[PDB]
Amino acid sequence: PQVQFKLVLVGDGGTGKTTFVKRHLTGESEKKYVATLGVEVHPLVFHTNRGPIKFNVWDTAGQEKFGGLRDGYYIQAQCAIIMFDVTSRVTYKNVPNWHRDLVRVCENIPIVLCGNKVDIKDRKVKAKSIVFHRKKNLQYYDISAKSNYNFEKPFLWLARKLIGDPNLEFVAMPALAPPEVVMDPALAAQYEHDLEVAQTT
């Protein structure tokens, strides 16, 4: 039977959750609408050195703007991605709230913290301010949904955590929507170095 995990994708409205999950073309063409919960589940296959693994990513239909999400959304999640927007400081301010909501219902599942929109010139939530992950087996990645930047990173970290294999690799990138903006190789380099510099503090 196919190896697959429910992944819940939470975070403030407007952080780019829908834009992000949709980069994965087959996940978008094969997505399933769940009316009872107002959710779309995107089946995201990744081909690893040990075979295919499927992340069934649960994307909201906007309800997160009006309150916490219901239990049935979280139920049986095996991993999660928490997203904020590095152009909106309040979205990062809400991260602990999502974590709390998530852990209340799912326990100690593998979780990755993502700061989306790093393609945008005037960044507000920089490396040195990003601290929530350090404390709780939370890995962090900068991402840019619109540019596909670091798209595979959260998925690879979760794969390695769920399978229990540190040496797991993706043999090939999934077919993704072509970037709508360009991620400056220099910014990527500086933001990447900024995170390592910070991780030593």
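All residue numbers refer to positions in the sequence shown, first residue = 1.
Q: Please compare 109-117 with 126-134 and name the stretch with the higher mean C-alpha B-factor in the deposited structure.
A: Stretch with the higher mean C-alpha B-factor: 126-134.
Q: Check the entry's C-alpha temperature factors for 100-108 and 82-90, then say which stretch has the higher mean.
A: In the deposited entry, the stretch with the higher C-alpha B-factor mean is 100-108.
Q: Which of these has the highest Cα B-factor in the record: 183, 25, 21, 10?
A: The listed residue with the largest C-alpha B-factor is 183.
Q: Using the temperature factors of the C-alpha atoms in this entry, rank residue 147 within its chain: lowest, middle or highest third.
A: For residue 147, the deposited C-alpha B-factor lands in the middle third.
Q: Can you tell me whether residue 63 has a C-alpha B-factor in the lowest, middle or highest third compared with the other modelled residues of the same chain?
A: Middle third, going by the recorded CA B-factors of the chain.
Q: According to the PDB entry, is the CA B factor of residue 36 in the bottom, middle or top third of its chain, that is, lowest, middle or highest?
A: Tercile = highest for this residue's CA B-factor.
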